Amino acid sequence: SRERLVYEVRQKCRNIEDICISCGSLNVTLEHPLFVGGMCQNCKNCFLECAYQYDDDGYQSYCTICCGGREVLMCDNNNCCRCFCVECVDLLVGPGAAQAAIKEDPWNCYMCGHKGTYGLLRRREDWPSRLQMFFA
């Protein structure tokens, strides 16, 4: 379970690169292309299938981090249109972060924000390159 593994990360008992940050699998065989942390092959398969899929509202269908989610926050940046589920945000940014972001208006997401690091959520400095290779 992702919850406990992230706990360990915060406790500096485990490196975030050694966990799948999308599902919590320990069978990491590759790097998450957008954020610092590991990724399992299942989630890669999910990512390849779900990434940049869009709903009829003009925003992405699934959480950028986990390619899933039930309630998601949508980026206001029209050049972006990404979304992030409440669970990944509270888990990786930190407890309360989702509620904090929901009250923000306008809200620009973690793939837009210049700071690039939000709690344990760290955007890769080279994610376009990573992405491009992820896809190939």
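Residue indices: 1-based, along the sequence shown.
Between the stretches 103-111 and 58-66, it is 103-111 that shows the larger average CA temperature factor. The PDB entry records a higher mean C-alpha B factor for 112-120 than for its counterpart among 112-120 and 17-25.
The PDB entry assigns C88 a C-alpha temperature factor belonging to the lowest third of its chain's modelled residues.
Sort the chain's modelled residues by C-alpha temperature factor and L73 lands in the lowest third, per the entry.
In this PDB entry, the Cα temperature factor of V36 sits in the middle third of its chain's modelled residues. Among all modelled residues in this chain, the alpha-carbon of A98 has a temperature factor (C-alpha) in the middle third. In the PDB entry, a CA B factor belonging to the lowest third of its chain's modelled residues is recorded for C81.
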